[PDB]
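Taking the form deposited in one PDB entry, here's one chain by itself in structure tokens.
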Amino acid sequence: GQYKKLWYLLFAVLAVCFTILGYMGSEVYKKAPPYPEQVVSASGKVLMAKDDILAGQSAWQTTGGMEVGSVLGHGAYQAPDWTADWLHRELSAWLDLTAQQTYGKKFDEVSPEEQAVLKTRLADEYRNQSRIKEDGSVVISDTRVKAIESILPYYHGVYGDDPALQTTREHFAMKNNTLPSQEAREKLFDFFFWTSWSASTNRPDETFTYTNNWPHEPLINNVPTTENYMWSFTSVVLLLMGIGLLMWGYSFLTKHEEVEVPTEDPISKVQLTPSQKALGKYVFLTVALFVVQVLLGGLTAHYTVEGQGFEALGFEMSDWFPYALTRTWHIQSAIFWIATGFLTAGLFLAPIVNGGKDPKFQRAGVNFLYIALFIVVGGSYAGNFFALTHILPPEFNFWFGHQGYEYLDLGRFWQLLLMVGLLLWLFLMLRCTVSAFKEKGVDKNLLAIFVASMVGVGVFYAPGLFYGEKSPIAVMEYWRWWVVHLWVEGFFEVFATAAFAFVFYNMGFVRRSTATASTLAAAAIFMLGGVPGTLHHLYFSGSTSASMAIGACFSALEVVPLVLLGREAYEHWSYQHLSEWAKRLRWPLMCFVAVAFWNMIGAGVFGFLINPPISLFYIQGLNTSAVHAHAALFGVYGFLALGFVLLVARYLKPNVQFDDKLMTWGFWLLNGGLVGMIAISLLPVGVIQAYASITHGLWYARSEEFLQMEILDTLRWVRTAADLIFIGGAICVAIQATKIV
């Protein structure tokens, strides 16, 4: 139509960004750290062939995966980082062995000059002993073989049953036999060794490791590279130059037009079809998983202060429901109820778009989608419970058990079933619009972008597939962030914006041109830095030095739209003071004003704190990622889902009022709990934990005696005072939404 410039600008953004992203994925396949054919000692004692590295990667997913610790930065934050911990134990062992056969003392009775000699001899057998080319063989001296063999007792004790290594499994919140089979418990440490090898060995040509000198290890001069500084001083310039240049466009290209609303609620005139009346059970589920998901959060936060249970009447608590299991359930349920809220908010708009009716048997397909959703959520949680007690045979662990990679913890069978359910939902949504496209009216522009976003949110769960059980780590780390970063942080902020404009145009709150030109210009800024910014999750996990130059500069244009979001929060807050009928949809509009607030304090202020490559170097794997996780995820998409189901509750029982005094408590208790469990517990621990990782190293900030310090312990204990408030607010909102329906 007349928006032909705004459509071309959007097609030109998608073409150039999906090539920067696709080309840098063609290099992850051919520049990732390789699995060496053999790791031979210097003498010739072959040790740890590659198929044992793969058997250890498979044995790692049966222990809980990234939910029990963290490997190469990604994982949980209670047990240490196994790469940065193995590396330091092996380095200190090598040093204490070489200091004995040279001077006769244990590296600490040794004077600083000889400490310098020993350290400059250490960081040359680790760094410049790369993978031999023309054959995947890695040659290791005979002191490094004795250093590895002397630290294996500790790890056998921490992952197995050992009366000596109690009080260290309780501090890591680990069940006793995390990996019972001692035959597989030794192949897992081959995988741990390989991960610490790729993190301390120079690339075949450069002077930095395969992980860009990650993590911080002063013993071998693991420090930020030079372009690590340059590309981090550059992204700040791009951010500050785009913030004030978009505020310059907003002030010259926006006239603040004025509209008069209709007299009576133009959506409350369309009577409910038989399919829209089926959506009553979809609303109760979006706030039932929400209360189940928040209880599991307070139940997994209990293991971080005690490590054991309360239930001295029955079984062992930490044997069937350990920290890994409750953490997996508490992370997975946060995706299900959010996605359910978006699904029901779409399925409500579908029949209204088709004039006023349902084309065929929508009520049958809607009920089928409901049943499939329950099958997925139930079978996934049953497979997670069996795959951690090791009742399930280990060969069926990747397909029906626990994948071991967070945000994709459900087995592959349930993953395929969920993808099929998503395709069915997309089919229904698209089926209820082909009559609105085929029409001799004018301006189907605002409807085309809407169905574009509908397709996007339903299709981009497929990249979670095409990575197998035995594929390299750096490859799944690249396809996992196509569904966690791209399908959520960049495709849900287009569906939500288009749904805002569509809904608020049908209710006569905005003009036809203002709602289709501002949405179509906000769908380009959300993909200019959203698509190639995927690579800010792959800095230090096996990607080249150009990945952290592309992801650092593009994800800075990803904060530019978010901090100027007080402009749309005033528009949504004023819509309620326009009529006496628009004052009924007040609490739905009040959640959309909170979405805009947390989209700039959670995803823009605390999201850019950890974005630059030099900040994330010392910070990856600490409690600031959890600040950002809770703030961004809930504050944005949780309030989005709650507002959507509260707006669907209304118009579905248009005879029940909203009980202001129950929602004034529910709203502010949620908003006061989220700020409570950030400003008094999460952020102080993250800042004390950041100071230690800059002076000493990541091995220290995550160690057992550092997390138990009588200050970090009375600080993750005070978090409970701010979590009961949050649970109360969730209870209030759930009670209200159930009373309505």
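The term rigid core refers to the maximal set of C-alpha atoms that superpose within 1.5 Å between the two forms. When you see a residue number, it is the position in the sequence shown, counting from 1.
- The deposited sequence places 4 to 9 unmodelled residues between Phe310 and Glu311.
Keep in mind that the form deposited in another entry is not shown, yet the notes after this line are about it.
- Lining up the core between the shown form and the other one shows that one residue from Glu395, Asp205, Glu580, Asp124 moves its Cα 2 Å or more, and that residue is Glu580.
- Core-superposed comparison between the shown form and the other one: the C-alpha position of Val145 differs by less than 2 Å.
- In the core-superposed comparison between the shown form and the other one, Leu465 has its Cα shifted by less than 2 Å.
- Superposition of the core reveals a Cα shift of 2 Å or more for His256 between the shown form and the other one.
- Here's the thing about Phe608 and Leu253: their CA atoms end up at least 3 Å closer in that other deposited form than they are in this form.
- Whereas the displayed form keeps them at a certain spacing, the CA atoms of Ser198 and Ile132 lie at least 3 angstroms closer in that other deposited form.
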